[PDB]
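We begin with a single chain expressed as structure tokens, specifically the form deposited in one PDB entry.
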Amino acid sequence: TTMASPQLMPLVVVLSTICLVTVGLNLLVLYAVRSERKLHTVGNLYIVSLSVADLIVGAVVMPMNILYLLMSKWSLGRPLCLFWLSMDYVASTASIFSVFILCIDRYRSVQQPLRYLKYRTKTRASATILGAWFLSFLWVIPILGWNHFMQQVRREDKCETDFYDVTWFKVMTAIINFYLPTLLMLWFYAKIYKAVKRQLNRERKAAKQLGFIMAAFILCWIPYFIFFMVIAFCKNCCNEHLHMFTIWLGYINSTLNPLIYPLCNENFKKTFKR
């Protein structure tokens, strides 16, 4: 019945725990924000956007990915697989765009906290978050319309994105979506950290929070992306174990961010203590 060998259970039994902990922590963060007035700041809007993206990548893709791992097939509804892809790619890129927006906001604030003050109303933070989410949801077009744009799954042993066999698009979208946000974020973070070390202490807790979030990303997703852009050329080169572990390393990052917040802010630990 497309089962898995009894030696593949002792890891799914903990993947389910990771799935439940991701949605038990992100939901806790979200309820913390909507239960206390002190947490309706500007950067907490970006934190909420990140927590929502992690809730989606912990509640929609985690159980579907676990079921796909346990049952090595996806003859389980073509539109359902399309929805899983459209809620995996969009969530994973929305997390990295929300982090990018937060990093730009903090870099503008640390630029000079006398010139970026009239562009920090919460309405504009919400507008930027909605714009980032729109750019993320733009990922629906290629997945659902590659058979319409390029005159080209038809593979029922496993459902996959329609451009998996398109090396040029894969490498180009990987380069853009990861590297350019990653490079820009690293540049902004270095520019922040220089000034923060320069002046002086809430700055050396907020800078550490942003640095830990960025470290989480650039250190838990890059094992996936280096493999993704080395596999785009090597075709006799298909180690499934490393790929399957790197994807779940990124998912562990999604789980870790809700643990990152308590250990970098006192307000979050004060509202998590009860």
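Numbers follow the displayed sequence, beginning with 1. Each form is matched to the other, and the largest set of C-alpha atoms that superpose within 1.5 Å is called the rigid core.
Task: Unresolved residue 134 in a third or more of other entries flanked by modelled residues - done: No.
TODO: Give yes or no for this: do at least a third of the other compared entries, each modelling residues before and after residue 163, lack coordinates for it?
DONE: Per the records, residue 163 is modelled in all the other entries.
Open item on the list: With respect to the deposited sequence, is there a break between residue 152 and residue 153 in this entry, and if so is it 1 to 3, 4 to 9, or 10 or more residues, or none at all?
Closed with: Missing in between: 1 to 3 residues.
TODO: Can you count, per the entry, how many deposited residues between residue 200 and residue 201 come without coordinates? Answer none, 1 to 3, 4 to 9, or 10 or more.
DONE: Gap between residue 200 and residue 201: 10 or more unmodelled residues.
As for the form deposited in another entry, it is not shown, yet the points below apply to it.
TODO: Align on the core first; then indicate which of 76, 143, 184, 174 has a CA shift of 2 angstroms or more between the shown form and the other one.
DONE: After core superposition, the single residue displaced by 2 Å or more is 76.
Open item on the list: Relative to the superposed rigid core, does residue 110 relocate between the shown form and the other one - that is, does its Cα move 2 Å or more?
Closed with: Yes, because once the rigid core is superposed, the C-alpha of residue 110 moves 2 Å or more between the shown form and the other one.
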